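Have a look at the structure below before the remarks.
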Amino acid sequence: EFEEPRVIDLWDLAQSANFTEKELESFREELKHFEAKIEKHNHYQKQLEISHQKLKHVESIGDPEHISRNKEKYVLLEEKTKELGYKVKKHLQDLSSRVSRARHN
Amino acid sequence: XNXXX
Amino acid sequence: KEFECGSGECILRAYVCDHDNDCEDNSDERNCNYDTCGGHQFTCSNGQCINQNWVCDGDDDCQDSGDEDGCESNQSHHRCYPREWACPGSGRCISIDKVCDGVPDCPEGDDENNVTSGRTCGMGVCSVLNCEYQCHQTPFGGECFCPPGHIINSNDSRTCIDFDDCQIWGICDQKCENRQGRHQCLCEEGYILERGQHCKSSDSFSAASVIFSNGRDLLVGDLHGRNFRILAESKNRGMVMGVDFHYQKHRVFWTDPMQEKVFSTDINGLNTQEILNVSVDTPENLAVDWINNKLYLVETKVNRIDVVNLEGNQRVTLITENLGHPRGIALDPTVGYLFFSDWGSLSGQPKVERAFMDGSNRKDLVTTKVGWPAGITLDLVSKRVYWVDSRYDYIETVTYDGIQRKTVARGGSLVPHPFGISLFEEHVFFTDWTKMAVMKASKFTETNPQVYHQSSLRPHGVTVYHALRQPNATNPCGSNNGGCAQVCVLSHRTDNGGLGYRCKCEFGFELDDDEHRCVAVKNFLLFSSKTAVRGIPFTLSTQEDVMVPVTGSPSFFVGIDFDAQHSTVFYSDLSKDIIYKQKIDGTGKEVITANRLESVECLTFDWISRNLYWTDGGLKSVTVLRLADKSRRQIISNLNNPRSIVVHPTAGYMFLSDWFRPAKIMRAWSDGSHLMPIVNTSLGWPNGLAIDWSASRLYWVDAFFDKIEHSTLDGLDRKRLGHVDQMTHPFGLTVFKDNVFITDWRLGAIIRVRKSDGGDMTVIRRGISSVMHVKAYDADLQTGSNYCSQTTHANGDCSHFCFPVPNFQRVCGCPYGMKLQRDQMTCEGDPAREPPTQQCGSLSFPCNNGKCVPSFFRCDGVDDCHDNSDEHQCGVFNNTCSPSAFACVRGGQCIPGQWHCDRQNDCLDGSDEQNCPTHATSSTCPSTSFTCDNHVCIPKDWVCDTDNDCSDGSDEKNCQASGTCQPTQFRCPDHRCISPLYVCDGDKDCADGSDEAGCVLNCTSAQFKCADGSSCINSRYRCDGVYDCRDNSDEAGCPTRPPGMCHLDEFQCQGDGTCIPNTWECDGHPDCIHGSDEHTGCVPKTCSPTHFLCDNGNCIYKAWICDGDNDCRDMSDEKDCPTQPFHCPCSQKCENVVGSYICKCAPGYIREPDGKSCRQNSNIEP
Amino acid sequence: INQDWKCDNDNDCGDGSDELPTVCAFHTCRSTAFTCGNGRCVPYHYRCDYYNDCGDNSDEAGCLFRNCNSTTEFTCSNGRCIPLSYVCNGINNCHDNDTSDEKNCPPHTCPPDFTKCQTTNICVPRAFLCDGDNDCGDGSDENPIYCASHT
Ligand SMILES: *[C@@H]1O[C@H](CO)[C@@H](O[C@@H]2O[C@H](CO)[C@@H](O[C@@H]3O[C@H](CO[C@H]4O[C@H](CO)[C@@H](O)[C@H](O)[C@@H]4O)[C@@H](O)[C@H](O[C@H]4O[C@H](CO)[C@@H](O)[C@H](O)[C@@H]4O)[C@@H]3O)[C@H](O)[C@H]2NC(C)=O)[C@H](O)[C@H]1NC(C)=O
Ligand SMILES: *[C@@H]1O[C@H](CO)[C@@H](O[C@@H]2O[C@H](CO)[C@@H](O[C@@H]3O[C@H](CO)[C@@H](O)[C@H](O)[C@@H]3O)[C@H](O)[C@H]2NC(C)=O)[C@H](O)[C@H]1NC(C)=O
Ligand SMILES: *[C@@H]1O[C@H](CO)[C@@H](O)[C@H](O[C@@H]2O[C@H](CO)[C@@H](O)[C@H](O)[C@H]2NC(C)=O)[C@H]1NC(C)=O
Ligand SMILES: *[C@@H]1O[C@H](CO)[C@@H](O)[C@H](O[C@@H]2O[C@H](CO)[C@@H](O)[C@H](O)[C@H]2NC(C)=O)[C@H]1NC(C)=O
Ligand SMILES: *[C@@H]1O[C@H](CO)[C@@H](O)[C@H](O)[C@H]1NC(C)=O
Ligand SMILES: *[C@@H]1O[C@H](CO)[C@@H](O)[C@H](O)[C@H]1NC(C)=O
Ligand SMILES: *[C@@H]1O[C@H](CO)[C@@H](O)[C@H](O)[C@H]1NC(C)=O
Ligand SMILES: *[C@@H]1O[C@H](CO)[C@@H](O)[C@H](O)[C@H]1NC(C)=O
Ligand SMILES: *[C@H]1O[C@H](CO)[C@H](O)[C@H](O)[C@H]1NC(C)=O
Ligand SMILES: *[C@H]1O[C@H](CO)[C@H](O)[C@H](O)[C@H]1NC(C)=O
Ligand SMILES: *[C@H]1O[C@H](CO)[C@H](O)[C@H](O)[C@H]1NC(C)=O
Ligand SMILES: *[C@H]1O[C@H](CO)[C@H](O)[C@H](O)[C@H]1NC(C)=O
Ligand SMILES: *[C@H]1O[C@H](CO)[C@H](O)[C@H](O)[C@H]1NC(C)=O
Ligand SMILES: *[C@H]1O[C@H](CO)[C@H](O)[C@H](O)[C@H]1NC(C)=O
Ligand SMILES: *[C@H]1O[C@H](CO)[C@H](O)[C@H](O)[C@H]1NC(C)=O
Ligand SMILES: [Ca+2]
Ligand SMILES: [Ca+2]
Ligand SMILES: [Ca+2]
Ligand SMILES: [Ca+2]
Ligand SMILES: [Ca+2]
Ligand SMILES: [Ca+2]
Ligand SMILES: [Ca+2]
Ligand SMILES: [Ca+2]
Ligand SMILES: [Ca+2]
Ligand SMILES: [Ca+2]
Ligand SMILES: [Ca+2]
Ligand SMILES: [Ca+2]
Ligand SMILES: [Ca+2]
Ligand SMILES: [Ca+2]
Ligand SMILES: [Ca+2]
Ligand SMILES: [Ca+2]
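Residue numbers (this note's numbering), protein chains in the order written: chain W, 1 to 105; chain G, 10001 to 10005; chain X, 20001 to 21166; chain V, 30001 to 30151.
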């Protein structure tokens, strides 16, 4: 039960690792949360350029209120995608490193 | 050397 | 549609209540509830559970920094508490009642007048700063201050802001609450508030007492130190190292590393009894599990953390992986955690770490500035853990999650070498090896720890004996043993789905699929070592020993084999020259034989006929012994260097390897006849043999050519495995399933490769001191039968010996001194050819077990026979004592001379210490050295180093912080003074690493510098095949042979291109596959007329011919003349021979078997 | 003859020359062969095989044979377990030395060309009579009741 290209190889690399059946069983339930972070990040990754074009379209209109309102939503939206960016990366590094060490010996 | 000693 | 957000949005279903602000009005997570965090997770104040490893990894994980809340101590982020001020000269804060009170309180005088820097304790600033509440004097001027519960605002320094009084370290013992209603202290059940801020034990509990080890004996004393009772004195020169106690059963448990045993006694005395006496060679520490009545203990010979019952049974090994030097241990059964300290790990770093009480989830609790953690105690009510350091000389505290790190005592002048630690109420009780005393110190901040029972030895253990020290709880394993078949071990309360326990299995069994029923284990990897013989699982998922390790103080184990029928393990101890057998769980150990052994290289066990074989490198022979009756026969003799022996019962052959200069692998019948070479070419140093039972092939390792080969049992179809990466000196090997488990001497590790071509080498265990043999324990392969094990009649009708023979036959044999009769099945005594022999020579005492030692070893106070036969009944009936011993005045006992006047009372009547004159001679200590008050000379550089080099504490006396280091010493900043030899030694001795700061390496020409410049290695390790350097720079750029050729120093085989040393060309023996190294152009060799010429080309004296010794080393001088009576006195380059011609390929080409064609050896297509 | 065949209680030569006593009164057996009380050799796998190969029955002496129940045994003296309806079926199969497999059932008889050797129930095919081999189990294969001169 996986779709992300990053997660798929991790599960494949997990089945060749040192993981005990209980460790392997708990490993899957962590990848499920890891994908949810990615799909949340991916969803906002679209929303950044959608609102970026929305911000650009409004700036061409020239209304100071709509420009200010969209910008206020925009910068907070950038924080949302930026903050989720590291959380995905941090979780990716730990998961990749753990299977790297489990396959190291 | 190969001696076990 | 979807989840309509608080302001009308189609928020996805899984976004709500994911610990994230998703709704635009911050309302997407209010109406639900979350999960709680399991024992392996950290709750980050928002309900978000994160991995325990993410706590203080240096990275904020909860946009609150809740998991990095100051896990480094003594930092720059002071922001000091109310009524405090910072003197600019250092990272220190001092309360206002001290600041400018007239006395220097920052040690540098930075809180009093310093005219040299133009600073005075002024007050004029208040006149214009206009303080909101109050003012005080500082070296800056009048400083504004505000009452407790509030701190000076940092924008202006004139206003003051509401502050949490509960956040100051030590505001109240245990816990405090009521922020709005001013700070107030709460004391839990059994505790009452006295004087305020001081929790005190309830009167309903018995008087608190401190039990501790003064260095040799267990002592007991009350908190105030008014009385001191000796609870248990040590016997047989013992030593009480680590103590602990159970309150409900009122028992005290302590470990005696010297006697090598664990003891338990009642608190009032009496009922003293041993708890463990096997495989506890060094029980460093101890901790009881009062809730489940278990006894966790730390063992350091074979590094592990075991679990036993309070009476010693049901041993289970919990944590073994990566343990290098476990020293401290503590646990909290209420929540389920287990804490232990490791002052050196195999990876290199020392660590204080947390785990469940079954070792499920290990987490490095403290890693930075950890040095040598030596003892762990924990505040069971505030949820904190206290540990000490002997190297950086501090006592420090972190939460159960390791978040809030705080220091309570530090500095070499305060805690030079703490070992143990315990706490009660508000005082931490720790023992120190340098001040040689138990010490009392406040649990929050101690400026000068008070003394408590100063001792004359190293105090090794301390713990507080009180009821409140062991809280009151319900064990999950109390419900019919938790359903576990054998052992029920606790865990974290949230583990196992909330049960709070897991079932464990004893040594001889394994846990089934239902993790409830224990079944007998069938296979595990058995390997020996210089230190111990250990059995480990074949899979690397769990690295916990499956059998209890076999160990001894004097020990060198080399040969091993197993008997799966009775679950016993045979082994040989090269230091005692005794062959033992021991059960898997360690219960029953006896000796197989101990007579006439010199160096038993390898054992092997014929599981069907029950005959134990072993090679003897000293006697140069192999011996077979039967177990049912101790018949013994030396079947093969006159070898040169026999190392490895493997016996094949069903097939009938025994296989053997000799690594002398004409090395060969020989095979013979189990009888010992038909001894013929099986592999005697292209071979040198065949250190080990193994049989692939699934395919009937014989594997062996070569330590000279650094290769693994295999062949059929006839020596034909010989194939060579692929190149193994770092195998440079293999010793032993075994074959189990698809993999071969090779042991390496130089690596000191067990490596695993595939039996097909080698392939994916995986290291099983690194760091073995001297690994020696490996063996695959397997109950499946120890089955089957032949004519030696028919059910209808006894052992093949042979009386003493029956041996399997190829083509499924059998032959009989007879012991030494006994001859097979005409029936070929029954034996009779033959005193004519094999007359009786005594246990051993004259200048030796025959011991009971079969050993015998040089006579003068009789009655010298040392057990040399290893069964106390030579020390039995000394000093009576002219059964006298050796000069090397000390005789007791009334007789009946003799002790080693080192025990005479040694300050220990060894002899029963005390004669060994009575009338002992002093040694206060007229002697000088060298002026380059320092004189200990014990009158032992130490280098003058070892003074005030916080180490007790004098063993009396003289060198560290008067070493207060007010002082210098000697001109030949380096100063650690407010830590200690060290010898310059520790400056750029490689490791940080300083608390802040000032000894290793920014200096560069001076590697000599006898050494090689790695490319990364990290470290140097000896020139011998340059270009050897092992990556000594971290970046593998030592092996980069190393010389190689030309493709298909050999170095100028070597010689190339014509048949198959094998490279052999140049000396092996023209040395009489065909070291090549087709005799290429003994061609017709070989100049022969002769010897002197007074010398005989052996078949292999050696020269031996005229009188030495047939003298009875293997002078020729190939038996030529003995086999030749037996007349000794009874008396009482071409495609390539060609070479010409007499009529034929010899076709020689050029180097890099190999000859085809037809004898004319040559083939290029390089795989490069032309 | 092969040297393995010398004095092994089997007339390999067909005339007793290989079983000649005055050579195995001195000849010793091969370490890999069982030895009888009389000194004659025998392959080891004949030990405890329900056959009297040694002659003195020493190759069957002291063997802890298996117990079995009446559905597959009548307690043939050698210890064999032989199935029901195979006892007293008309042919010896447990090879008892007194042929006790069949003789335990007295009152039976069979048509001709299957000779009732003696009074016992067995009825061996007539082709075995006067073939040169005594294989009825009883005496009536070559003893003077036939094959004397009427052949
Ligand atoms: C963990 O759980 C256990 C079980 O609940 C607790 O054990 C009890 O602890 C209390 C607190 O001390 C004990 O109460 C004391 O009992 C004493 C006598 O009991 C002993 O002797 C009787 C037989 O006579 C036994 O049955 C019993 O097991 C004990 O061995 C009294 O002498 C004490 O009172 C005395 O002092 C008070 C002042 O403090 C005076 O006012 C009285 O007059 C009197 O002189 C006291 O009542 C109780 O006995 C314990 N029971 C057991 C079975 O051990 C642990 O305390 C608990 N741990 C914690 C911290 O909760
Ligand atoms: C190293 O091993 C080889 C092979 O075992 C030894 O060479 C000789 O090999 C032959 C088998 O090929 C052995 O048996 C001989 O066979 C021939 C037929 O080919 C037969 O006619 C002979 O009567 C004999 O049975 C021979 O025994 C073996 N030699 C020995 C001494 O074992 C070679 O000798 C070995 N190296 C050394 C140093 O002996
Ligand atoms: C270990 O300790 C237990 C007690 O818990 C003890 O029973 C074991 O065996 C005893 O050892 C004594 C010393 O070797 C021995 O004298 C005594 O007979 C023996 N008792 C029995 C009946 O087993 C102890 N083992 C060892 C080897 O110390
Ligand atoms: C030495 O060792 C033996 C035990 O093997 C010990 O019994 C001997 O003591 C006694 O010596 C006596 C001679 O003075 C002798 O008569 C006696 O039998 C013997 N033992 C007994 C039963 O007391 C020790 N000394 C000697 C000399 O052997
Ligand atoms: C003043 O100090 C407070 C903290 O007490 C801080 O939050 C604030 O940003 C500062 N600035 C002003 C002018 O409020
Ligand atoms: C040793 O290495 C040091 C590094 O500082 C260097 O300065 C010096 O020249 C080298 N030679 C010696 C032996 O001092
Ligand atoms: C008897 O026959 C029965 C089967 O009907 C069998 O169970 C049993 O083992 C046999 N033997 C004995 C000794 O009873
Ligand atoms: C076994 O049968 C033989 C005939 O082959 C017979 O001579 C012998 O007497 C029998 N054994 C006994 C004990 O009767
Ligand atoms: C919180 O959830 C964990 C999940 O393993 C456990 O169920 C735990 O018991 C829960 N919290 C409490 C206090 O019961
Ligand atoms: C005597 O030595 C012979 C070998 O020479 C045997 O090893 C025999 O077992 C020895 N006898 C005793 C009593 O140990
Ligand atoms: C006793 O005998 C032993 C063995 O011969 C030693 O010689 C020892 O020195 C003797 N000591 C005395 C006191 O006679
Ligand atoms: C003890 O003996 C030594 C022997 O050299 C000295 O005589 C020393 O003075 C003695 N000690 C005392 C206290 O007299
Ligand atoms: C090793 O040395 C040879 C020359 O003897 C070649 O330089 C060869 O390329 C070297 N080895 C490798 C793997 O490059
Ligand atoms: C071999 O060397 C010995 C050395 O003593 C003799 O010189 C002998 O004569 C030599 N043999 C030949 C054939 O020269
Ligand atoms: C006995 O005969 C066997 C088989 O022929 C062997 O020849 C053996 O050498 C003979 N002698 C002995 C003592 O067994
Ligand atoms: Ca959310
Ligand atoms: Ca973190
Ligand atoms: Ca002051
Ligand atoms: Ca120190
Ligand atoms: Ca080598
Ligand atoms: Ca001795
Ligand atoms: Ca003494
Ligand atoms: Ca010192
Ligand atoms: Ca250093
Ligand atoms: Ca190297
Ligand atoms: Ca040679
Ligand atoms: Ca000789
Ligand atoms: Ca015959
Ligand atoms: Ca038979
Ligand atoms: Ca029948
Ligand atoms: Ca017939």
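Backbone N, C-alpha and C fix where the C-beta goes; we use that ideal spot for every residue, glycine too.
Grouping DSSP H, G and I as helix and E and B as strand, with all else coil, what is residue i?
{"i": "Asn20638 of chain X", "result": "coil"}
{"i": "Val99 of chain W", "result": "helix"}
Taking the alpha-carbon positions, what's the residue i to residue j distance?
{"i": "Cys20859 of chain X", "j": "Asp20870 of chain X", "result": "6 Å"}
{"i": "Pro21166 of chain X", "j": "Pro21042 of chain X", "result": "16 Å"}
{"i": "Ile21105 of chain X", "j": "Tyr20613 of chain X", "result": "32 Å"}
{"i": "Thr30075 of chain V", "j": "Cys20477 of chain X", "result": "57 Å"}
{"i": "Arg20327 of chain X", "j": "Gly20483 of chain X", "result": "33 Å"}
{"i": "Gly20149 of chain X", "j": "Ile20329 of chain X", "result": "39 Å"}
{"i": "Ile20691 of chain X", "j": "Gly20412 of chain X", "result": "60 Å"}
{"i": "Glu20510 of chain X", "j": "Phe20524 of chain X", "result": "11 Å"}
So residue i contacts chain W; which residues on that side make the cut at Cβ distance below 8 Å?
{"i": "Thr20762 of chain X", "result": "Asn105"}
{"i": "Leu20540 of chain X", "result": "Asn18 and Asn105"}
Identify the contact partners of residue i in chain X, using a Cβ-Cβ distance below 9 Å as the criterion.
{"i": "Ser30100 of chain V", "result": "Ordered by position in chain X, no residue passes the 9 Å Cβ test against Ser30100 of chain V, which lies about 21 Å from the chain."}
{"i": "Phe30065 of chain V", "result": "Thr20792"}
Can you list the residues of chain G that residue i reaches, using a CB-CB cut of under 7 Å?
{"i": "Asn20687 of chain X", "result": "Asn10002"}
{"i": "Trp20700 of chain X", "result": "Result: empty, since nearest Cβ-Cβ is about 14 Å, beyond 7 Å."}
Taking C-beta pairs closer than 8 Å, name the residues in chain X that residue i reaches, listed in chain order.
{"i": "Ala14 of chain W", "result": "Simply none; closest approach about 12 Å."}
Pick from the options: whose alpha carbon is nearest that of residue i?
{"i": "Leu20331 of chain X", "options": "X:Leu20380, X:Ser20756, X:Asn20053 and X:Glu20284", "result": "X:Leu20380"}
{"i": "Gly30037 of chain V", "options": "V:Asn30067, V:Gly30132, V:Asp30008 and V:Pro30144", "result": "V:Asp30008"}
{"i": "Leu20843 of chain X", "options": "X:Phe20856, X:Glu20913 and X:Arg20626", "result": "X:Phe20856"}
{"i": "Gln20782 of chain X", "options": "X:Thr20539, X:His20710 and X:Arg20610", "result": "X:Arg20610"}
Going along chain V in order, which residues have a C-beta closer than 7 Å to the C-beta of residue i?
{"i": "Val20811 of chain X", "result": "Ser30031 and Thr30032"}
Review point. Fully enclosed by the stretch 20409 to 20450 of chain X, which beta strand (DSSP E) runs are 3 residues long or longer?
Key: Listed in chain order, they are 20418 to 20424, 20427 to 20432 and 20437 to 20442.
Review point. What runs of the beta strand (DSSP E), each 3 residues or longer, lie entirely inside the stretch 20831 to 20889 of chain X?
Key: Taken in chain order, the complete beta strand (DSSP E) segments of 3 or more residues contained in the stretch 20831 to 20889 of chain X are 20844 to 20846, 20852 to 20854 and 20885 to 20887.
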